[PDB]
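Visitor: Protein chains in written order, with the UniProt record's numbering: chain R, 2 to 101; chain V, 2 to 87; chain Y, 2 to 213; chain Z, 2 to 152; chain E, 4 to 130; chain S, 5 to 103.
Each residue gets a CB set at the ideal place from its N, CA and C atoms; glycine is no exception.
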Amino acid sequence: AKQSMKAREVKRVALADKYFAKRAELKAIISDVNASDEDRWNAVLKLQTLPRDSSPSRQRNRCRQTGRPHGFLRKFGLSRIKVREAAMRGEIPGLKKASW
Amino acid sequence: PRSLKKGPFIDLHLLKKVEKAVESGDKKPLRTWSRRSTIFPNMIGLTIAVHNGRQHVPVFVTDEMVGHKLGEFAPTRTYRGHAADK
Amino acid sequence: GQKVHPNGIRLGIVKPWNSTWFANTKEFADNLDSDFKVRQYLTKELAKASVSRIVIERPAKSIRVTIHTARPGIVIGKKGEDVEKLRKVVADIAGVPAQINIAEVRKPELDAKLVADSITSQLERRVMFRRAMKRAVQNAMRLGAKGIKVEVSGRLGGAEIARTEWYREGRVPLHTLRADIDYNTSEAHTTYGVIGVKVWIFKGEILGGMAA
Amino acid sequence: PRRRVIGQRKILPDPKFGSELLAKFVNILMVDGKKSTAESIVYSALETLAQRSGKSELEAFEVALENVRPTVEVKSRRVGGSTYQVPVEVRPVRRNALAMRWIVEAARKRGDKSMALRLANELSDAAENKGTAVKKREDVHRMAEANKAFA
Amino acid sequence: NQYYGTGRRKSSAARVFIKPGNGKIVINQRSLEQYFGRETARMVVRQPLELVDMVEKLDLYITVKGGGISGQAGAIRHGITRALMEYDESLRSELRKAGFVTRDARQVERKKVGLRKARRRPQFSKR
Amino acid sequence: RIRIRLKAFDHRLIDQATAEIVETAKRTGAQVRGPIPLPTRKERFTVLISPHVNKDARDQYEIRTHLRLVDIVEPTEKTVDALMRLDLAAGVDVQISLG
RNA sequence: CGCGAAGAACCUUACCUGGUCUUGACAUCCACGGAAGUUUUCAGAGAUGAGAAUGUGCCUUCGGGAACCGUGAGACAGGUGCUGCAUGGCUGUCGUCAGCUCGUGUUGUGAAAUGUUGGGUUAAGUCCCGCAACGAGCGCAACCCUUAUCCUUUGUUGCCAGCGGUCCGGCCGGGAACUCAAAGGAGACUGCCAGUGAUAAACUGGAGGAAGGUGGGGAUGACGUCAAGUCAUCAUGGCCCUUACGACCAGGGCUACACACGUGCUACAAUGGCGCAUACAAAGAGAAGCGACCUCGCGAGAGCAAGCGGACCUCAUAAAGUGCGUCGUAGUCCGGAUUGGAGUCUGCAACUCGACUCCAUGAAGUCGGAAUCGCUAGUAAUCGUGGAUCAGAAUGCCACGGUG
RNA sequence: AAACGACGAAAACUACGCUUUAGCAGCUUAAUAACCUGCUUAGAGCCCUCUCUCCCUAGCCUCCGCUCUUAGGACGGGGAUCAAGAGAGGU
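1. Thinking just about the alpha-carbon of each residue, which of Y/11, Y/2, Y/3 and Y/4 is nearest to the one in residue 177 of chain Y?
2. Please list, in chain order, the chain V residues whose beta carbon lies closer than 7 Å to that of residue 46 of chain R.
3. Got a sec, what are the start and stop residues for the beta strand (DSSP E) residue 58 of chain Y sits in?
4. Would you say residue 30 of chain R and residue 13 of chain R are within 8 Å of each other, going by their C-beta atoms?
5. Using a Cβ cut-off of 9 Å, pull out every chain Y residue sitting near residue 57 of chain S, in sequence order please.
6. Going along chain S, which residues have a C-beta under 9 Å from residue 21 of chain Y?
7. Return the residue from the list V/67, V/4, V/18 and V/85 that minimises the CA-CA distance to residue 39 of chain V.
8. Considering only their Cβ atoms, is the gap separating residue 63 of chain Y from residue 98 of chain Y smaller than 8 Å?
9. Taking one C-beta from the region 22-38 of chain Z and one from the region 98-114 of chain Z each time, how about it: are there three or more such pairs within less than 8 Å?
10. Exposed or buried, which one is residue 189 of chain Y when buried takes at least 16 other CB atoms within 10 Å?
11. If the cut is a Cβ gap below 9 Å, which residues of chain V does residue 30 of chain R touch?
12. Would you identify the three-state DSSP class for residue 49 of chain S, choosing helix, strand or coil?
13. Touching or not, the region 6-21 of chain Z and the region 166-186 of chain Y, by the rule of three or more beta carbon pairs under 8 Å?
14. How close, in whole Å, do the beta carbons of residue 153 of chain Z and residue 135 of chain Z come, if the pair is a contact with beta carbons under 8 Å?
15. Look at the alpha carbon of residue 56 of chain Z and the alpha carbon of residue 65 of chain Z, and state the distance between them as a whole number of angstroms.
16. Taking 8 Å as the threshold (beta carbon to beta carbon), is residue 81 of chain R in contact with chain S?
17. Give a yes or no on contact between the region 16-28 of chain V and the region 42-59 of chain Y, applying the rule of three or more CB pairs nearer than 8 Å.
18. Express the C-alpha separation of residue 93 of chain E and residue 114 of chain Z in angstroms, rounding to a whole number.
19. Among residues of its own chain, excluding the 5 on either side of residue 27 of chain E, which ones have a beta-carbon nearer than 7 Å to its beta-carbon?
20. Strictly under 8 Å for the Cβ-Cβ distance: is residue 50 of chain R near chain V by that measure?
21. Excluding the five sequence neighbours on either side, which residues of its own chain have a C-beta within less than 6 Å of the C-beta of residue 32 of chain S, listed in chain order?
22. Which residues mark the beginning and the end of the beta strand (DSSP E) in which residue 22 of chain Y is found?
23. Which residues in chain R have a C-beta closer than 7 Å to the C-beta of residue 26 of chain Y? List them in chain order.
24. Which same chain residues, not among the five before or five after residue 64 of chain R, have their C-beta less than 6 Å away from its C-beta?
25. Does residue 40 of chain Z pass the burial test, meaning 16 or more other C-beta atoms within 10 Å, or should it be called exposed?
26. Going along the chain, which unbroken runs of the beta strand (DSSP E) with 3 or more residues stay wholly within the region 3-61 of chain R?
27. Can you tell which of Y/60, Y/106, Y/46 and Y/111 has the C-alpha that lies nearest to the C-alpha of residue 84 of chain Y?
28. State the CB to CB distance for the pair residue 49 of chain Z and residue 117 of chain Z, rounded to an integer number of angstroms; the pair is presumed to be in contact (CB under 8 Å).
29. Give the residues from the region 57-72 of chain S that approach chain R closer than 7 Å (Cβ to any Cβ), ordered along the chain.
30. Closer than 8 Å, Cβ to any Cβ of chain S: which residues of the UniProt domain "KH type-2" (39-107) of chain Y, in chain order?
31. What number of angstroms, rounded off, separates the C-alpha of residue 157 of chain Y from the C-alpha of residue 164 of chain Y?
32. From E/20, E/16 and E/11, pick the residue whose C-alpha is nearest to that of residue 90 of chain E; which is it?
33. Helix or strand or just coil, what does DSSP make of residue 93 of chain S?
34. Are residue 19 of chain V and residue 36 of chain V closer than 8 Å when you measure CB to CB?
35. Decide if residue 5 of chain Y is buried, meaning its Cβ has at least 16 other Cβ atoms within 10 Å, or exposed.
In structure tokens, the structure reads:
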């Protein structure tokens, strides 16, 4: 991928982890039905106050080694090409050709 | 549509503009890039120059539109004619 | 594509893995990220040294990278100081403390990675690819390998159109899954592009499968 | 088809009666692998037409089937737009299968109360040489003599 | 101490015990009228018994699991065939002639990659 | 009371581990119930190995995980000393359950 | 042409309209001043412009160092800008076709030929015979993975041949034969019996076997052809910009007004949808995740949540079918496409742009012209389910099964 | 449009290096040879290093964390250095 794109991922994840404490304890008020609409509205408007890419939903899953949005495996953490290369070279334990 | 638990969704900077427009002196249109902000009765009468992608288009707000997004009254792409309407 | 990688087709039969550990995918991604980082750091550092391969074991709260190399003395250093120097960086990169092992590889001209290495250096220092490959294959045949196959492709001799040349001696049964088909790749960064080199070394027929 | 001369796979033992011809007929009738519904429908039509005729069930089915089992069909082993048609006498193995296929094709042509009633009429009239399968067979037999220059 | 025979057809396991008791049938804490749906299964789970005289001569306490209705029927058939063979040692020839000893090894084929089914391929683009 | 579970990628590295643990339990204690296997899990992956437009070049990769379980043989204090030893060769995950 | 994309509201995202930066978002060398950092007020769509209460973190002889930021540059950083007609790597096609070659010898001055042709035989350059051929390599097979039978080793979370009681439930005492779990072996090797053939190779039938000629499937894809496809996974030689093709943010577009083409789904109806009971599977997932039960719900779901890193607990009474009525060939109790009203879940935020739920509305269609596509056995059809990336989004993809 | 390909007669990564024999192997009509050779057996002369052979000390810990602590150990610190030597290796 691009250097700017890769830096965007770390910049988003850092601010998402830093503000994770506020996001959960702020959406808790919204989720709590037993609350006043005056505090519900305040919580709703205060959540849009923090910077946008501060949520886990606003980040992608580019592969660590190279960087590729389309094509990824959560268990392996790399794109399809890199996963195949690692499997063929033996870097992934207990991974062989499936044939049933 | 959005769940009624969270209620209407508007921009934070939009509330300040709406308050300043009604209090006091509205002569210039309210310039907002936000289109997801729901319309409120406070904005009735006031001019909203809503951005659609190229340039802000003026929208005159009446009581008919309340439970609709402000971006609905803003075409995204210009249409003139498919058969080369010159 | 014509040929599949001959390692990961018999990894489960006769060939050993280059990474031996376990995970429940709670930490699998970070484990391979760490393995990739340590492998690339070792490759970048031990450039002059002819590193044969890098195996990694990851026991509980510790790691053990068993580098196999042809000339271990350069990595070892006097009184074993260089290994201690380069062990702390690996330990702090991987988090858990490390214990680096070094294994000398007998017959340095019979290893796939070793024979794929230094031919790129010859190409960089402008040694003719044909004579280089011929010397490599004849030395490998003389040392005892039953079959050697060397392919070199891409901008050979600084020409205008890239091609693919290859030499082969003895027998290279790529289709059988009961033989040592140790294979590795390498690339050369010359003045007019990049040259790809592939080497297949068939040593013998390992009867009985894994574990001898 | 080119070098292999296949045999024949065994058919269901027909648990109700034991007729391999009946098993072939129900296998031709069934579609989408839904054996249960097709077998129920064919059994109901089986009973209805047997009790409408009066004679024994299978002994009437065989005589109604042999009366529209064709003898000679017409084929065309020609290539190109121009075609020559040659009559070929059907073997007994394919004769019953073709007759059953014609019967099931003609069955789904009447707007009766149910599929069983659709089957029953065109299955019973075959004994008296009436219906649609017999109507098409008496023209298939004429096709052979329509142009029998090459045989 | 009564011996028995085991039977499987596609993916179903059925084991049936043989005892001198005359014609007491219960299929996995059920009966033929319970595990039913079509007469074909009932007929096919009694063919070794209906062969010569064993219709009402020894009871059938089988319990069967897995597969579908036809798979369970085939598994029960193979199990009773093996049980009768082990019990008598002379009905094996008749069972081989009827084709009951030979277990049907046919199972569902795997789905290939690029194909919509095991052998059905996507339609060619009008070329 | 106590049980030991072993997860392995290959059976070669787990059969010897089970043999070692049962011989240690025989040295310290007796009355072993034997290592019981559990249904192994096979995680599949489909990777299209072509780095561009070709939805016909696929590879099927498989990760196998085998489970072994060893229960109590003689619950005492000495039998835990020989079982709380250093971990075995890398590649075998050992879980200790107590209750 | 349901291709990269294993799944676009901002993210991804490059394009456009608007705003900002000139050693930069992303490194190394630096001179300083402060460790950082933690809440926060305004302008602003944000990028960043200011303003504060602050932290005064651990380190020797203290002009200190980790490390963090701000200012000033310089090399430099940067490009999804181009050149797959410079390439590495990877991949498609012929084709899982059966051929492609070499060493020695021989033949012809020589390009070259034999070997590789000819006779049987085959899935096959598989084997035999004959022959200036003799051998070998890449190759077609086997070794590798799954399944089809049996034996043994060890029985919990998996089973109940035998017994006891019962809360009739595997409930648990207990029983380690079985269904099953996953390890090692036996086992099918033309082995034999006849016929055929050239006294062979090989073929046809059969006593045995779960199995018969590769038992049934998968992986394995030669020499090479297509300047075949990717310089936008990545790397790489020149060429191009360094106040801009580079860097940051907000809103739109990839999902679009007259159409055509391709691959799939719903269907057309009495083989059917409808209302109420009721069985039969396998393979997989689960830790800020799967999520039992109770209660509100006509509903997607909501409060409550136990158990579960998982043979234990969930996802998840599988459908087809089977039982009974009902619909009688019908603008149909057929098709659920369009449209209006109000919501439920996930997501700072579904108007551009997800899905589920209710009410109503009820487009076509009523078996499809030339010309075409796949399949020879648990295969074609028909029914349901799981899983990949994923906050949510399949009629697609990848696999299990039921019937067949 | 286009597309040819001649010299490690630049043994060029330097294993301490350099020796004889022991047998396999390519060389062959055939048994030596030059070696094309990877080892195996033997001696180290030697460029090199390490434990060293000096003395003192008893320096000796190890279970229970530490306290004189017991069977026993292969157990054990400081200092300048060598004549020859007993063993391991070759950064």
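Guide: According to the data block:
1. Y/11
2. 13
3. Run containing residue 58 of chain Y: 52-58, per the beta strand (DSSP E) assignment.
4. no
5. In chain order: nothing, as chain Y lies at least about 14 Å away.
6. Under the 9 Å cutoff, chain S gives 13, 17, 93, 94 and 95.
7. Of the residues V/67, V/4, V/18 and V/85, the one whose Cα lies closest to the Cα of residue 39 of chain V is V/67.
8. yes
9. yes
10. The residue is buried, with at least 16 neighbouring Cβ atoms inside 10 Å.
11. Chain V residues near residue 30 of chain R: none, gap ~11 Å exceeds 9 Å.
12. strand
13. no
14. Only positions 2 to 152 of chain Z appear in this structure, which leaves residue 153 of chain Z out of reach.
15. If I take the Cα positions, the gap works out to 12 Å.
16. yes
17. With a cut-off of 8 Å, the region 42-59 of chain Y and the region 16-28 of chain V do not count as touching, because too few Cβ pairs lie within range.
18. Rounded to the nearest angstrom, the two C-alpha atoms are 53 Å apart.
19. 62.
20. yes
21. Beyond the five residues adjoining it in sequence on each side, residue 32 of chain S comes within less than 6 Å, by CB distance, of 82, 83 and 86 in the same chain, given in chain order.
22. Where residue 22 of chain Y is concerned, there is no enclosing beta strand (DSSP E), given that its DSSP letter is neither H nor E.
23. 76
24. Contacts found: 79, 80 and 83.
25. buried
26. none
27. Here the closest residue by C-alpha is Y/46.
28. 6 Å
29. 63, 64, 65, 66, 67 and 68
30. 58, 59, 60, 61 and 65
31. 7 Å
32. E/20
33. coil
34. no
35. exposed
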